[PDB]
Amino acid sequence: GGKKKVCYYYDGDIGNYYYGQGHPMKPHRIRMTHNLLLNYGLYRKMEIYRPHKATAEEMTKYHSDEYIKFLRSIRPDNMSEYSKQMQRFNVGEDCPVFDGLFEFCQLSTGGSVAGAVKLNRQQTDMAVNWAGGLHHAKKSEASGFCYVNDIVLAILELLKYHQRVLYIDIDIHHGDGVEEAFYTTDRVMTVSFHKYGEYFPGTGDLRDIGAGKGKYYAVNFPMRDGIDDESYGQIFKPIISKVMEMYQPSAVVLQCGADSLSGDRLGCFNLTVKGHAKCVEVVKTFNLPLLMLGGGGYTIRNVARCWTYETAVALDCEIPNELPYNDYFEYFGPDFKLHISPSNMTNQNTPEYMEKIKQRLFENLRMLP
């Protein structure tokens, strides 16, 4: 029990990577998070590391050599010469070409793999990489603003020392990239809670339960618009508890995508920072080596609030609602508070729907030996 050792990864350059004018993915939110938690004084309670830049040698442990060579070569000045390669790898539109794309992928991946190495070495209880959690990237493809799947790479590192690794994804979108990589193995159980029905990426049906050796090791909780803290918490704690009891993993990876928060530019959920962070508190109570990662989140003031509070939660540190002064203070107007209020949006997930989906998952969890 009690307070635990926390290692946090951050590179001072991460906030300078720009996806382009009008693009919702803003790496600057990672800097906003870092600045906000330094101003709360949370650096006193944790070890801050600079990630290494993950190499091609590291990336090719999962990704194809051809895809990684392309990512390492593509620049906005040579796009015309790589036209075929761009369409094949899904680069240029949703996943645009930008200055320092590869470096950005290296730093994002570096923090996740370094966190996994630290946990494997038993030198920390928790590792945090807010620049990670890029769950959509595939063996040979970019998708949903994700080029390199840092989660898969970090999980592969944990598998060197851990027989069973549990993956939890509280981003509003299905973590299809992670699920795909470990679909046919029982050495990784993937658990995703996401909006489902005519929504990106279009995967993550209740009936998608894994295949072969991995059958019953892929868990999906499909949800509708406007889920609140009360509905989410009532299903999250029982599902994770049953997963912990049945699967008994030795390490956990928690993807904390903040696009499941109320008011998100691309999200349809109605969670508050408190409701989102209760997921961290739940997972932390199991006392297993834990890797906390980023993901989506497009109302960057709420991403900074979310991930600052989730770091404070990892540290068992009570932080006041009144925000301290920081370099992005004006972003947190008009209230300048850490916590957010839900909107008036209708919760399309009834309590009966929530209970029925939970019961269906419980039947699948009983199939585990």
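Residues carry their position along the shown sequence, with the first being 1.
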Mean CA B-factor: is it higher for 241-249 or for 188-196?
241-249
Going by the entry, of stretches 299-307 and 49-57 the one with greater average Cα B-factor is 49-57
Using the entry's values, work out which of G132, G212, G257, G175 has the largest Cα B factor.
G212
For the listed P201, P76, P222, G115, which has the peak Cα B-factor recorded in the PDB entry?
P76
Position of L293 among the chain's modelled residues by C-alpha B-factor, lowest, middle or highest third:
lowest
Splitting the chain's C-alpha B-factors into thirds, which one does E179 fall into?
lowest
Using the B-factor values recorded in the entry, state whether the Cα atom of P342 falls in the lowest, middle or highest third among the modelled residues of its chain.
middle
When the deposited Cα B-factors of this chain's modelled residues are ordered and cut into thirds, is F89 in the lowest, the middle or the highest one?
highest
Entry-reported Cα temperature factor of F236, expressed as the chain third it lands in
lowest
